[PDB]
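Structure first, commentary second.
Any read-out appearing in this document is the output of simple, stated calculations on the displayed coordinates, not a laboratory observation. So basically every Cβ, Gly included, is an ideal-geometry build from the backbone, and we count neighbours across all protein chains shown.
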Amino acid sequence: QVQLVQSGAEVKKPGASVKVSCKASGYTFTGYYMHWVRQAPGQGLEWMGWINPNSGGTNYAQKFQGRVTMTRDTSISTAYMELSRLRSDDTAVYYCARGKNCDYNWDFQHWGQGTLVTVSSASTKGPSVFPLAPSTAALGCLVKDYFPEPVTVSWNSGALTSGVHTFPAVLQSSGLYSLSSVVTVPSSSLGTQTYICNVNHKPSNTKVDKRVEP
Amino acid sequence: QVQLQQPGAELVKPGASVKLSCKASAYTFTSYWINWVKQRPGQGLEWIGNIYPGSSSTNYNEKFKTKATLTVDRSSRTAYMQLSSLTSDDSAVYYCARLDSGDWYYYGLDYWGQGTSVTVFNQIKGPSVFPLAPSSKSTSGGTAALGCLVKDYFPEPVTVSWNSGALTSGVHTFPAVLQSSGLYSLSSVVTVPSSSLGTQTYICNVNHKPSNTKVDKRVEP
Amino acid sequence: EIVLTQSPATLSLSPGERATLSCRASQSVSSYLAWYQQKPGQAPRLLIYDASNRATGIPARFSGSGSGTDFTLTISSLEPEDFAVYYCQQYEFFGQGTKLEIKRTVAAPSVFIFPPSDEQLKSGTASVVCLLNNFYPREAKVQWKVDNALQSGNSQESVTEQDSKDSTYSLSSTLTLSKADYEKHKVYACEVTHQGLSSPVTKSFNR
Amino acid sequence: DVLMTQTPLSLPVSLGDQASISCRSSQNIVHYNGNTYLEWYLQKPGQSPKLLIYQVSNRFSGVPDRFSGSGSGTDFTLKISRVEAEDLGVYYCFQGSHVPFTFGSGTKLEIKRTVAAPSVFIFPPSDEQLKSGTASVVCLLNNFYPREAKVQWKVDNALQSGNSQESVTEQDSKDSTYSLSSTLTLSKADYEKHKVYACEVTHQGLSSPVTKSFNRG
Ligand SMILES: [K+]
Ligand SMILES: [K+]
Ligand SMILES: [K+]
């Protein structure tokens, strides 16, 4: 029952470093190379290197040589990937991946869940929630100037979910994320029913509710 | 029985194109990449590219990306390489060689054709054959050298033989030299007993096939 | 190095159709290749290894073929769960990917426009949102105009994923204006162009 | 491209002795699949190349024990244990881990033999050639070893330069000697201006520089 469990998400400043772990289970750790692959948001797959967990030998992708380090601890069957001199570009999900067979196999049948690493000069902040006024009509909330990802949106504590779109966050030149949640509702209940956004940002503990009206 | 076969030679003009071929056996055509390798006269081997016959997948050396185009004809199990906009620098021997397939190859270029000579000629000029005779004071009762000066010809090659092939031992036909002329010149020499000079005929047979020129020069003291 | 060229970049098909993806390994003499499927929020999943071998638990409608360094992944009778991104792979190299998308009937966007909140103006900045809702295909060009002044560089778009039920998209384009730049302006508009619109549609409000 | 630097370009070896050829890749040529694709090829004179060693140290079909390959990463060595005359040719290293494949410079194996001084012969220009307009004076150095030789033309005791062109045979496969020609080209006008024509040869095997001469007419 092969399993690869990675550490949790991270947030780092430029020039810093991050160390991701990958704990393996269900097979002889030393009998399979461990590879690392990342994926910048909305981008393709990018190989970073492998490590031979039985010897500690490594191969690093040309792109990252000089600021990437891969190690292991056979006792606890854990592989590590440290990425240093961090840049904004390095914002991505980092995966550990294991070949299907021994030695120099590149068929990645086993993957970790991934470890998101955000690299940014920004500091934690709470979102600025604003209403999207009705001119079928559309209601909505604007979650502005927040960091880091993620933020959740709910409408009326889950009472209203049909026709609800929470848009993928967008990173502004400020370095802060901003998204908008909208919902299409019949003009019938514009005056009858109330609408509010249960916006919540766990990192900065900002739970906020804004109600919308004409 | 051979696994790859190539024609002998091609005479071609600058700016033109030439299409070299490489006949393969079914055994090789089924499973091997077909590679082409350049060898300029006297220089080393240079890999051009290769092609997988089953798919016409191609790989190239960037230097030959525009010079060389690789194809195959499935019915004849023949690999082709077209060389475009020919120049003097494309004068060379081009080899065919197979490479095993798989998750990359494993052994290497284990079977080579015999190569096709390509000569790019702007002019066709036959040679002048002058005698290199042993002079007045050649030590009598010793060994003497005589030869033939094959001067001012273009393109290579010229074949030189002595007495229609009967005289081989000690023959030294030197590598051709390109002159400021832009023409080729060489000498073929042989050593013989001095006492044979008044008696035995010595003829150099110089053949320059580019101009279909056969010349027999008698070398007298 | 090896150069993997995956095609097509995007593929729009209906369920039950046959999808054909291609990958070309240039500058390589390897005749084997792997394919992966990736859905949003999850790691890639191995589909095919060694060009034609299926991985464990992969349905028989997934087939892989290779000839030389030319490879194809074929999906017969596309199931709804098969619409995702697909990657080829040789050694360390991954193809650019192929977004396999559900094709549905052209649907025009119901356009909505919102002026900046007044609380946002108490904060000191203004952002005007323009929404295109439930439309198909994904391609759409949105334009802003301040008092009939085609603006550029100060807009930001966001597009949802394809809806799992109706297979449409929604788009969020937000204009960020300085409160100093905004209140000193009259009429701002949002002009939408879409394949299911006869002519472009405009939505506006005076400040 | 991966560059393959091969050392030496010329390798004098005596029959029965060991020859060792070195090749270095500008990059690591260990492939993604774990194999190292370095091969050693031999091209005998007038023949097509043939594969000797494959994957650093493995002999190809029909390759005798005395050929051995060693190395790791970027540093590779070919060794011929007891060189034989039939081993004469040009040896090439080759990397196939990266496309484009690349060959080394080539190492010419030269057979080391005892010193052999040349016999020098001089030839005056054709009487037939002289009517054409040019005058070619050929000086021959025959069956010598080693190949290093100094040829100097002296026209009426005056040295020459920019006037000559040399040509040297490939090492003989049987006696391992070289032969060399030096041609002094000149106009008929210049040729008839002077009287004495001599080539002075310097060589290890010669006690002192040998000179051979003729007087015009
Ligand atoms: K043929
Ligand atoms: K044949
Ligand atoms: K044919």
Per-residue mean of C-beta atoms belonging to partner chains within 10 Å, peptide C:157-168:
2
Averaged over its residues, how many other protein chain Cβ atoms are within 10 Å of peptide A:163-172's Cβ atoms?
4
In order through the stretch D:139-148: 3J(HN,Hα) via Karplus (6.51 cos²θ - 1.76 cosθ + 1.60), integer Hz, x for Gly, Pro
10, 10, 10, 10, 6, 10, 7, x, 6, 5
Burial ordering of A:76, B:124, fewest other beta-carbon atoms within 10 Å first
A:76, B:124
Straight-line reach from residue D:108: which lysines have a Cα under 25 Å away, not including same-chain ones fewer than 8 places off?
B:38, D:44, D:50, D:79, D:150, D:174
Run the simple label-point estimate for residue A:209 and residue C:67 please: 7 Å along Cα→C-beta, distance reported in nm.
6.5
Among the listed pairs D:131/D:154; A:125/C:184; B:67/B:214; A:125/C:186; A:202/C:145; B:217/D:131, which have their C-alpha atoms separated by more than 28 angstrom in this model?
A:125/C:184; B:67/B:214; A:125/C:186; A:202/C:145
Answer rounded, prolate or oblate for the stretch D:119-215, using the Cα gyration tensor with square roots of eigenvalues a ≥ b ≥ c: rounded when a/c is under 1.5, else prolate when a/b is larger than b/c, else oblate.
prolate
Do any trypsin sites (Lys or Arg not before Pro) in the stretch A:1-91 lie in a DSSP loop with no more than 14 other beta carbon atoms within 10 Å, and if so, which?
A:85, A:87
If r is the Cβ-Cβ distance from residue A:161 to residue C:184 and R0 is 35 Å, what FRET efficiency results, to the nearest 0.05?
0.30
Express as a percent, rounded to the nearest 5, the fraction of DSSP beta bridges in the protein assembly as shown (both residues included) that run antiparallel.
95
Which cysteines does chain A leave without a neighbouring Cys Cβ under 4.7 Å?
A:102
So which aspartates and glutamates pass the test for residue D:188, namely a Cα distance under 19 Å, with those fewer than 8 places away in the same chain ruled out?
B:152, D:127, D:128, D:156
Magnitude of the Cβ-charge dipole (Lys and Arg +1, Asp and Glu -1) of chain D about the Cα centre, nearest 20 debye, reported as 200
Calculate the mean, over all residues of peptide C:146-153, of how many other protein chain Cβ atoms lie within 10 angstrom of the residue's Cβ.
0
Determine which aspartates and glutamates satisfy two conditions relative to residue A:19: a Cα distance under 16 Å, and not lying fewer than 8 residues away in the same chain.
A:10, A:73, A:82, A:90
Amide H contacts under 5 Å for residue C:142, restricted to residues at least 5 apart in sequence or on another chain and with H modeled in the peptide plane, are none
Farthest positive-ward along the protein assembly as shown dipole, Cα basis, beta-carbon charges - from B:172, D:35, A:164:
B:172
As an exercise, use a Förster radius of 41 Å and the Cβ-Cβ distance of residue A:187 and residue A:12 to find the FRET efficiency, rounded to the nearest 0.05.
0.30
Could you please state, rounded to a whole Å, how far the C-alpha centre of the stretch D:111-186 is from the C-alpha centre of the stretch B:125-161?
12
Based on other C-beta atoms within 10 Å, arrange A:118, C:98 from fewest to most.
A:118, C:98
With a cap of 14 neighbouring Cβ atoms within 10 Å, and only residues DSSP puts in a loop, list the trypsin sites (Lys or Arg not before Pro) found in the stretch B:59-159.
B:65, B:74, B:137
Nearest 0.05, what FRET efficiency do residue C:17 and residue D:22 give at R0 = 45 Å with Cβ-Cβ as r?
0.15
Label point distance in nm, residue C:96-residue A:137, each placed 7 Å from Cα along Cα→Cβ:
4.5
Dipole in debye (nearest 20) - the stretch C:110-206, about Cα centre, beta carbon charges: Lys, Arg +1; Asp, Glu -1
200
Name the residue, out of C:142, C:187, C:129, whose mean-square fluctuation peaks in a Gaussian network model built on chain C with Cα pairs under 10 Å.
C:187
Amide H contacts of residue A:154 (H built 1.01 Å from N, under 5 Å, at least 5 apart or other chain)
A:198, A:199
Table column - 3J(HN,Hα) (Hz), the stretch A:191-205, Karplus curve with 6.51, -1.76, 1.60, x for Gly and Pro
x, 6, 9, 9, 10, 9, 9, 8, 8, 9, 10, 3, x, 10, 6
With springs only between Cα atoms under 10 Å, which of D:170, D:84, D:192 fluctuates most in a Gaussian network model of chain D?
D:192
